[PDB]
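Q: here's my sequence, what's the structure:
(chains A, B and C)
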Amino acid sequence: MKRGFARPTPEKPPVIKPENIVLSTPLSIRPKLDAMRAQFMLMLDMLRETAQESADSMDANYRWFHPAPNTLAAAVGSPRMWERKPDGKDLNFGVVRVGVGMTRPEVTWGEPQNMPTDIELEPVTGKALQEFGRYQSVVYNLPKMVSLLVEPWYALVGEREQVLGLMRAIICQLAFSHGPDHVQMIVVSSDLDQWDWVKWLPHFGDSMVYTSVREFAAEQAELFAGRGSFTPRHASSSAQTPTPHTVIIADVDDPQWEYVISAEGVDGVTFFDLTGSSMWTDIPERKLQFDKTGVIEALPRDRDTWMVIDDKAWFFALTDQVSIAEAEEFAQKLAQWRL
Amino acid sequence: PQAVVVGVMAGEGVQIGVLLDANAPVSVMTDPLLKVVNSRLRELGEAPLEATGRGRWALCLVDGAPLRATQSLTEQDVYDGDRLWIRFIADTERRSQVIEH
Amino acid sequence: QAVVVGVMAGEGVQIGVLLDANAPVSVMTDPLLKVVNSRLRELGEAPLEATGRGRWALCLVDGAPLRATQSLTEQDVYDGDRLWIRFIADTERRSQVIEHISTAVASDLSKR
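A: Numbering: from 1, shown residues only, chains lettered A, B, ... in the order given. Sure, structure below:
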């Protein structure tokens, strides 16, 4: 028996403020020239203060949408729960916090006009304007994210304590931030002794932890085979896709998985391979690799469109992760609530 | 030895004497504990305890330092006659700030 | 109708159980003690056992026993709550006395 819960109109999010900024054009090559140099430095600091303020608006905005996973339980009752909406305007539907890392500020810098030729640039302002662009072009420690709607699957490759650390952090972020009518979740696994805590959560219900692919094929695949192949969407597209997104977790290493994977999936689904089987791990655009320290690497993706910008894999996120105990503690608190 | 009696402080100062399970780990208790202090303050005519933004609930010593969430209340040096505090501790995660010079 | 709780048992084993919604606590506290005992042996724990005049009943985390005559739905129990099974000897007497002082000064007086 469950408590009712009606969701309000959302609380207003902290607004992000853009900044279109045109840089300090360098000095071109005694008591006079220091005054020229010293003025150039001080104009630069005032751009820095313009940058720092715009960066603070972005920190407030992203944390307000994607909290740290341990804070989620205390929040559980509040109208911040089950807040996210599918209807086109909400950019954060299908987006899940996987850790912390780098992101590119909402400043948009204009190149200094009349740039002196390489031999004509002055030494002090030259290096100063160069480092400013190198470091102030990124803001450290923001919540890094994955989109369900962008790729058919995400291979998780690493030792078990790490892969299962990440996967439970993902599961409860979805569970806190997205309602049961918008996200449904399935496990196929042999280590049922890891998926016991999942008893409680309502998102693991249906209108559902399974032991092997032959079993999943009969109950779940009879539904999920029914149509399609993957088709990368975006926020505006989100209005059209039918309401429950499925996340499916494959943990068994069965060869019977070849049918859905070589067929390029289905729409309405997203797989995480926890095993590292070769059928999943052959596409770098779709692979998350774990260092022993839990640092994940993947191909770089665009902040605004998630489209891939490069074919070399690079730093992505420092993983945050929850134990079986903490998951079940969160899981029971949520089990209390219904529509 | 199966239970220990301790006083729990709640918001702005009510103490309630409680007899706890001495060997379950503390994180198993702090949620249902909050239910009881609230039920009692509501009848007594006080204003209940509530969360603000981002943070977590902790059960701490009167010194404020929280107890390890995974260990047993007997495994921690908490005896019959001690007292405890149920408290909200805020989230400290925020962006990093870099200055080049 | 049903509700689900963590029923704690000996030395802090978390167990989860399925209980009825509307039948009162007294009419179930006997049979529930079997299934907690039936499981306890499979973990290799001793079943619940104590001596002296008294009984077993269900409790909240502060030692308070529930009302023996009412639904868990008449008390406020809902899915995912936690409860204790406990030995209530004849000697048992409880304080039930609450006092008001600034929580800010007690904590600080420990070091002031």
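
Q: ok, residue 93 - contacts?
A: Assuming you mean chain A. Neighbouring residues of residue A:93 by CB atoms under 8 Å, 6 or more residues apart in numbering or on different chains: A:84-86, A:178, A:182, A:235, A:238. Any C-beta I mention is one placed from the backbone N, CA and C, and that applies to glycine too.

Q: other chain: chain B
A: Contacts of residue B:93 (CB under 8 Å, 6+ apart): A:63, A:68.

Q: how does it look with 6 Å?
A: Neighbouring residues of residue B:93 by CB atoms under 6 Å, 6 or more residues apart in numbering or on different chains: residue A:68.

Q: and it, helix, strand or coil?
A: coil (DSSP: H, G, I helix; E, B strand; the rest coil).

Q: and the helices in the stretch 101-250 of chain A?
A: Assigned by DSSP state H, counting those that start in this stretch, the stretch 101-250 of chain A shows helices spanning A:123-135, A:160-177, A:213-224.

Q: picking that back up, most surrounded residue in the contacts of residue A:93?
A: Neighbour counts for these (other CB atoms under 10 Å in any protein chain shown) peak at residue A:178, which has 23 neighbours.

Q: for the closest residue to that one other than its chain neighbours, which three-state class applies?
A: Nearest non-adjacent residue to residue A:178, counting by CB to CB, 6 or more residues apart in numbering or on different chains: residue A:84, 5.2 Å away. Assigned with three-state DSSP, residue A:84 falls in the coil class.

Q: measure residue A:84 to chain C for me?
A: Going from residue A:84 to chain C by CB to the nearest CB, to the nearest Å gives 23 Å.

Q: so which of the helices of the stretch 101-250 of chain A is the most surrounded?
A: Mean neighbour count (mean count of other CB atoms under 10 Å in any protein chain shown) peaks for helix A:160-177 among these, with a mean of 21.

Q: please name the nearest non-neighbouring residue to the one residue sitting closest to the centre of chain B.
A: In chain B, the centroid-proximal residue (CA atoms, centre = their mean) is residue B:59; its distance is 2.0 Å. Among residues not flanking residue B:59 along the chain, residue B:30 sits closest, at 4.6 Å (CB to CB, 6+ apart).

Q: returning to what we had before: was I right to think the residue nearest to the centre of chain B contacts residue B:31?
A: No - if you go by CB atoms under 6 Å, residue B:59 and residue B:31 don't touch, sitting 9.9 Å apart.

Q: what about the helices in chain B?
A: Ranges of helices within chain B are B:30-44, based on DSSP state H.

Q: near chain A, which residues of it?
A: Selection of chain B residues close to chain A by CB under 6 Å from any CB of the partner chain yields B:51, B:54-57, B:91, B:93, B:95-96, B:98, B:100.

Q: can we see that at 8 Å?
A: Taking CB under 8 Å from any CB of the partner chain as the test, the list of chain B residues beside chain A reads B:27, B:31, B:51, B:54-57, B:70, B:88, B:91, B:93-100.

Q: give the contact list for residue A:296.
A: The contact partners of residue A:296, by CB under 8 Å, 6+ apart, come to A:98-99, A:166, A:288-290, A:316-319.

Q: same check on residue A:66?
A: Residue A:66 is in contact with A:92, A:95, A:97, A:143, A:145, A:173, A:177, counting by CB under 8 Å, 6+ apart.

Q: one more: residue A:288?
A: Residue A:288 makes contacts with A:154-157, A:296-298, A:316, as judged by CB under 8 Å, 6+ apart.

Q: these, buried ones only, as a ChimeraX selection?
A: Applying 16 or more other CB atoms under 10 Å in any protein chain shown to these, the buried members can be selected in ChimeraX as follows:
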select /A:154,155,156,157,296,297,298,316
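
Q: which one of the contacts of residue A:288 sits closest to residue A:34?
A: When the contacts of residue A:288 are ranked by distance to residue A:34 (CB to CB), residue A:316 comes first, at 44.5 Å.

Q: is whichever strand or helix holds the closest one in proximity to chain B?
A: Per DSSP states H and E: residue A:316 is located in strand A:314-319. No - Strand A:314-319 is not in contact with chain B by CB under 8 Å from any CB; minimum separation 12.2 Å.

Q: can I get the CA coordinates of that strand in PDB?
A: The C-alpha trace of strand A:314-319 is given here as PDB (Å, rounded to 0.1, in the frame of the first residue of the first chain):
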ATOM      1  CA  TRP A 314      39.400  10.800 -24.500                       C
ATOM      2  CA  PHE A 315      38.500  11.600 -20.900                       C
ATOM      3  CA  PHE A 316      34.800  11.700 -20.100                       C
ATOM      4  CA  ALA A 317      33.800  11.400 -16.500                       C
ATOM      5  CA  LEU A 318      35.000  10.400 -13.000                       C
ATOM      6  CA  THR A 319      32.400   7.800 -11.900                       C
END
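
Q: what comes into contact with stretch A:167-179?
A: Residues outside stretch A:167-179 that contact it (CB under 8 Å, 6+ apart): A:65-66, A:69, A:72, A:75-76, A:81-84, A:93, A:96-98, A:156, A:183, A:185, A:198, A:201, A:203, A:247, A:249, A:272, A:274, A:319-324, A:327, A:330-331, A:334.

Q: surely residue A:277 is in contact with residue A:257?
A: Yes - between residue A:277 and residue A:257 there is a contact under CB atoms under 8 Å: 7.3 Å.

Q: enumerate the residues of the stretch 201-339 of chain A near chain B.
A: Listed as neighbours of chain B in the stretch 201-339 of chain A under the rule CB under 8 Å from any CB: A:325, A:329, A:333.

Q: among the residues you listed, which ones are buried?
A: Buried members of these, scored by 16+ other CB under 10 Å, are A:329, A:333.

Q: how are the strands of the stretch 201-339 of chain A distributed by residue range?
A: A:209-210, A:245-250, A:271-273, A:287-290, A:295-298, A:314-319, A:337-338 (DSSP state E, counting those that start in this stretch).

Q: coming back round to it: please pick the buried ones from the residues of chain B next to chain A.
A: Buried members of the residues of chain B next to chain A, counted by 16+ other CB under 10 Å: B:27, B:31, B:51, B:54-57, B:88, B:91, B:95.
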